[PDB]
């Protein structure tokens, strides 16, 4: 009968059993009487709350539910919501509002013009006009988050609403099923399949929505049937393909001219689940060389509209990948040759080269490990050196916003308790969401954090070189003791100053029953 009771019934009926949150005054009437079939995951700062929720939703491929405090709690999470937008993460962000009777006077903790604060990062944002409509607004939020293209949504709820009577008609919300598992009509799909079958030198480019859809295995069958090389689209937030499969060609360069040069000679380039393209450095040139046609399958109208070249189909990635994989003819061409083994770099018995750490991780980690990357200057080496053969094995801040991997690795590990999660994070990136470590300690979530400590924002110094930007301040972060910080939050703390210490401490961390942070001294660039 109460809005509180009806809303938790709607959540449980829609598959939700976990609330990620940091509490406040406005949220106490929502969180009180907390149901025994739900669990509450506390984090100490809201960027950490949302990052944990985000990794959990991406790994579990289902929506995550979040409860923050009013404007200041929502505002603390806006960086994390920037990443969630670009990863298409289905996050239901709720926040408590002041009692309806004092919103106009703007009492303390009032979220002023609340629906505008999340924008423009969310796909829907709303504050209900009455308590009895809160379950309906929750239902809208749940489905807006889950419908393709998935993404974060925001709901602001005045705290006096929870005790009020819910609309009796709200029960019709509980079991609603909304599908967007759609694909191109048969006639046009046959034209596309005919164009793929008849390409003499096709190429495939895969983006994060493939891994989100668990379309990986169908994309493998597609690449094998067309005998086609496979790249992952630049600035990759996820891994959509086994990285040691013979077709895999790794991470594309993030420049306009670099990409059209690599494409040159491929007559049909099929892009699935990816923006066209997430360029980074400005590398002006031709978008495509003559003789290359590009076709993009995307779950997101905005991606289809913003591409500067190619044709596009707006459809569900799982349904389209499955349909294409089963319809294309087996080409008589020879399968592409696997990329060469990465080489061992020179390693003396002191500070570690990043290449060495990736090679050791690849040797020792389980074959179904899950990795997260926030070591920004070593991303290329990481993609070359980690054999990720299974789906959901890689996460990287989708919008480039640091502060994702440390909390996200906790959420992934929570969602996949049978797969060892290993977050490789630079010493600069580690600080943005450092307090997330406490959640791993308190809930005994056994994520492994590998801190790559070279004392500087290495990626920025390299980019500065690219931009001929000299005498830039703020690029060095000396004087951080990551073992002490780990201890501060109750997380076991190891160090690795050479290769033998690295091997030993990783093997310890694998066997450890709790979370473990390993501080690795890496070479300064």
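Residue numbers count along the first chain shown, from 1.
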Stretch with higher mean Cα temperature factor, 268 to 276 vs 437 to 445, is 268 to 276
Check the entry's C-alpha temperature factors for 239 to 247 and 164 to 172, then say which stretch has the higher mean. 164 to 172
C-alpha B-factor winner, where the candidates are 454, 98, 420, 139: 454
Would you mind finding, among 111, 76, 83, 368, the residue with the largest C-alpha temperature factor in the entry? 368
Residue 407 by Cα B-factor - lowest, middle or highest third of the modelled chain: lowest
Residue 27 by Cα B-factor - lowest, middle or highest third of the modelled chain: middle
Third assignment of residue 183 from its chain's C-alpha B-factors: middle
Taking the chain's C-alpha temperature factors as the reference, tell me which third residue 125 falls into: lowest, middle or highest. lowest
So, residue 396's CA B-factor, relative to its chain, sits in which third? The middle
